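There is one chain below, alone, in structure tokens, taken in the form deposited in one PDB entry.
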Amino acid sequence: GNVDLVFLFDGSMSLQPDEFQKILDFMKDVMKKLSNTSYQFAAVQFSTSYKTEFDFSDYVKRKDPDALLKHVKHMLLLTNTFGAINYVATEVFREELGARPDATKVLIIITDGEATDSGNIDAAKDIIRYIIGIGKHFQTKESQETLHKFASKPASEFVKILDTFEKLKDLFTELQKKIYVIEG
């Protein structure tokens, strides 16, 4: 069937210009590889607040990944992960914004630090959630574990820990090995 995938990327002040850019290039490569398929995308940047850089309707009309993420401004603030997810589940996955009712909802969270807010993400339970933690802020095992509550289970499947942003390329190569033409 169809798949509606949302990219929820970290825009905190911790992120260096080049690192932020590498997070955007990664998203584009994923989109480019899965173009002309039954996939539709939307990207949301989060820091203290949130902003939908482009929604499903925008993707359908434009398609070009580079153009959809050309006017992104690095927020350089905090990391309110909880509120961001909630925002995605109640303000992004909507028919008014090109979301398809039949589509399988997917969310790919990309962050470089522990959340600075608290709460719960119950509003997104019905969403398949992946999370990538990057950088030295996830040096200890305890810091990495804090991301488990945002991703689906098991953690070994929905939680990826990258020690450097350069490893995003390794992730993209590992991700492609899972691409298949399946009809039945």
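Numbering starts at 1 and follows the sequence shown.
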On average, are the C-alpha B-factors higher in 172-180 or in 20-28?
172-180
Where do the C-alpha atoms have the higher mean temperature factor in this entry, in 6-14 or in 162-170?
162-170
Take the CA temperature factors straight from the PDB entry and tell me which of 137, 33, 62, 148 peaks.
62
Using the B-factors in the PDB entry, rank residue 75's C-alpha atom against the chain and give the third, lowest, middle or highest.
middle
Residue 97 - which third its CA temperature factor falls in, relative to the rest of the chain
highest
Comparing residue 124 with the other modelled residues of its chain, is its CA B-factor in the lowest, middle or highest third?
middle
Tertile call for residue 37 (CA temperature factor, within chain, third-based) is the middle
Looking at the temperature factor on the CA atom of residue 118, which third of the chain's modelled residues does it land in?
highest
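FYI, the form deposited with a partner chain bound isn't displayed, but the following is about it.
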Flag this candidate site as yes only if 53, 58 and 94 all have a heavy atom within 4.5 Å of the partner chain in the deposited complex; otherwise mark no.
no
Mark residue 137 yes when one of its heavy atoms lies within 4.5 Å of a heavy atom of the partner chain in the deposited complex, and no otherwise.
yes
Any non-hydrogen atom of residue 142 within 4.5 angstroms of the partner chain in the deposited complex:
yes
Can you check whether residue 103 is within 4.5 Å of the partner chain in the deposited complex, heavy atom basis?
no
Looking at the partner-bound form in the deposited complex, is residue 99 within 4.5 Å of the partner chain by any heavy atom?
no
